[PDB]
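See below for the structure under consideration.
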Amino acid sequence: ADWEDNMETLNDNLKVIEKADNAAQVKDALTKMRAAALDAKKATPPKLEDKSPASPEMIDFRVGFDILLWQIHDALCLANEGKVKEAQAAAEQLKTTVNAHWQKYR
Amino acid sequence: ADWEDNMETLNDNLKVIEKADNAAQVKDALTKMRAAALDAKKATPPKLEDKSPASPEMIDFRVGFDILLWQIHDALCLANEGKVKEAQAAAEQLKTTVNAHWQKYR
Amino acid sequence: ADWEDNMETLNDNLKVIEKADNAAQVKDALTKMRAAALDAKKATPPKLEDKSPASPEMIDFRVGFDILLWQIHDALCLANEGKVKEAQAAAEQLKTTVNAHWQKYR
Ligand SMILES: [Bi+3]
Ligand code: NI
C-alpha cells in the first residue's frame with residue numbers, strides 16, 4: 001500500500017482499538033498497525049517523490065515510522081500480557097503521533 | 001557477517017527454538033536471531049548486488065529485515081512471559097518469513 | 001549539534017539509571033534514552049558530514065542505532081518486571097555501546 005493507505009489503516013485500527021470489546025482482538029489491530037507502519041517505511045509521500053530515497057527528509061520519514069513502531073510495541077506488549085486498558089490508553093498517544101506525522105509529510 | 005551466513009544463523013536458531021525445552025533457550029535463540037538480523041540489515045543480498053545501497057530495492061530489503069526483527073520481538077515478549085509454546089508458534093511465522101526472504105533475495 | 005545533544009542526553013540518563021533506586025526512575029530514564037536515540041538516528045554525525053546521504057556509512061550508522069534501541073528495549077523489559085539491578089547491568093552494557101557509537105561518530 002502507498003503512504004496514505006497505510007496511514008488510513010493505522011487510523012482505522014486505532015478506531016478499532018478505542019472501541020474494542022473483542023478483548024484480545026486489540027492485539028490483532030495492533031498487529032495490523034505494525035504491518036502498516038513497516039510497510040509505510042517503503043512508501044514515499046507525494047511531496048517527497050522528487051527527493052532522494054536517502055535524503056534527510058526521507059530519513060526523517062522512515063525514522064518517524066520507527067518511533068511509531070516503538071509506541072506500537074509499548075501497546076502490544078501490554079495487550080499480550082492481558083492488559084487491554086493502558087494499551088487502549090497508549091492508543092491515544094499513538095493517534096497523536098500518527099496525526100503529527102500525517103500533518104508533517106502531507 | 002555474510003548475508004547467507006546470517007540466514008544460516010536464523011535457520012539454525014529457528015531449529016533450536018522448535019526443539020527448545022524452557023524459556024531460557026527460546027530467549028537465547030531469539031537473541032541470536034535478532035543479532036543475525038541486525039547484522040544482515042547491513043549486508044547486500046546476492047539479488048541486489050547490482051543496486052545502489054540507497055536504492056528503493058535495498059531500502060525495502062532493510063525494511064523486510066525490520067519486519068523480521070519485530071516478529072522476533074513478538075516471540076521474545078511471549079518468551080519473557082513464560083509462554084514457551086506460544087513463542088514456538090510465533091517462531092513458525094518467523095520461519096515462514098525467513099524462507100520468504102531467502103527465496104526473494106538469494 | 002543535535003546528534004551531540006542526543007548523545008549527551010543518553011549519557012545523562014545512563015548516569016541517572018546507575019544512580020537509581022526504584023523501577024519507575026529507570027523506566028523514565030530509559031524512555032528518555034529511547035527518544036534521544038530515535039531522534040539521533042535521523043541525524044548526521046559530525047564525522048560523516050562530508051559523506052553523501054546515500055553512503056553505506058550512514059546506513060551502518062542507522063543500523064547501529066537500531067542495535068542500541070534493541071539493547072534499550074531489553075533494559076526496559078528488565079525494568080518493567082521489577083528487576084532493578086539487572087536493568088542497571090543492562091544499562092552498563094548500554095553505556096558501553098553508547099560511548100562506542102559516540103566516540104566512533106564524533
Ligand atoms: Bi516485553
Ligand atoms: Ni517489548
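Just a few scattered comments:
- 3J(HN,Hα) along region C:45-56: x, x, 5, 9, 5, 7, 9, 5, x, 8, 6, x Hz, from the Karplus curve 6.51 cos²θ - 1.76 cosθ + 1.60 with θ = phi - 60°, whole Hz, x for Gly and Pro.
- Applying the criteria of a DSSP loop state and at most 13 other Cβ atoms within 10 Å to the GluC sites (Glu not before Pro) of region B:1-97 yields B:49.
- Closest-to-axis residue of chain A (Cβ criterion, axis taking A to C), whole Å: A:54, 1
- Using a cut-off of 22 Å between Cα atoms, the listed pairs A:27/B:15; A:42/C:41; B:42/C:27; A:47/A:104; A:27/A:85; A:42/B:51 include A:27/B:15; B:42/C:27 as exceeding that distance.
- Take each residue of peptide B:19-28, count the partner chain Cβ atoms within 10 Å of its Cβ, and average: the result is 0.
- Taking chain A and dividing mean pair separation by its residue count, relative contact order in percent (alpha carbons under 8 Å, at least six apart): 33
- Looking at region A:27-70, the trypsin sites (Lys or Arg not before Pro) that sit in a DSSP loop and have at most 16 other Cβ atoms within 10 Å of their own Cβ are A:51.
- Averaged over the residues of peptide C:73-85, the number of Cβ atoms from other protein chains lying within 10 Å of each residue's Cβ is 2.
Here Cβ is always computed from backbone atoms with ideal geometry, including for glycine, and neighbour counts include all displayed protein chains. Read-outs throughout are calculated quantities, based only on the coordinates presented, and are distinct from any laboratory measurement.
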